[PDB]
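Shown here is one chain on its own, the form solved without 2-(SEC-butyl)thiazole, set out as structure tokens.
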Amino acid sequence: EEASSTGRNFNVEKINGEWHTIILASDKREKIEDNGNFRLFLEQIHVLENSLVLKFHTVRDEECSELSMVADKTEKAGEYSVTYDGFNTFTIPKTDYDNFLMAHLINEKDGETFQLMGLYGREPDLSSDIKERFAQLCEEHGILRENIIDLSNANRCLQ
């Protein structure tokens, strides 16, 4: 089963649990490159009534640091907002709950705006068919293919 958070059949409770960052993409590549504030490895999603708790790890020189975020429902359906390196709003254009989840985020940091697309998997990797579907979605949002970073084999953190 597939659905979008903005759609009518979304079941947010179903995205609860462990996840992994598979691919990140942004129209501002630096944001997702080494040490970029958005090169975040998602590990867990806790579903609350009007919010989402996102648990990540950031990587700086083969060393992880746990980072938490609280995403609150905005006034738009299936949309969440969180303050982090600016003002962020995101939706989940597509997920099948038990395998992949695609998130689309828009960040505003007084002045400039940038888009981020994220592909997450219940397992540390996803099929090529899914990664391609994600790639096509990135393109529809104006994100160049060369700005899509596959972090599947990013065996980060193990100094």
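In case it trips you up, residue 1 is the first one in the sequence shown, and so on.
Heads up, the form solved in complex with 2-(SEC-butyl)thiazole isn't pictured, but that's what we're talking about next.
**Q** Although the partner isn't part of this model, could you tell me whether residue 56 comes within 4.5 Å of 2-(SEC-butyl)thiazole in the deposited complex, counting any heavy atom of the residue?
**A** Yes.
**Q** With heavy atoms only and a cut-off of 4.5 Å, decide whether residue 64 touches 2-(SEC-butyl)thiazole in the deposited complex.
**A** Output for residue 64 is no: heavy atoms all beyond 4.5 Å of 2-(SEC-butyl)thiazole.
**Q** Do residue 134 and 2-(SEC-butyl)thiazole share at least one heavy atom pair within 4.5 Å in the deposited complex?
**A** Judged by the heavy-atom cut-off of 4.5 Å, residue 134 is well away from 2-(SEC-butyl)thiazole in the deposited complex.
**Q** How about residue 130 - does it come within 4.5 Å of 2-(SEC-butyl)thiazole in the deposited complex, if we only consider non-hydrogen atoms?
**A** So residue 130 does not count as contacting 2-(SEC-butyl)thiazole.
**Q** Check for me whether 2-(SEC-butyl)thiazole, as it appears in the deposited complex, comes within 4.5 angstroms of all of 10, 47 and 100 - heavy atoms only.
**A** Checked in the deposited complex: no contact with 2-(SEC-butyl)thiazole for any of the three.
**Q** Which residues in 1-24 have a heavy atom within 4.5 Å of 2-(SEC-butyl)thiazole in the deposited complex?
**A** Nothing in the stretch sits within 4.5 Å of the partner.
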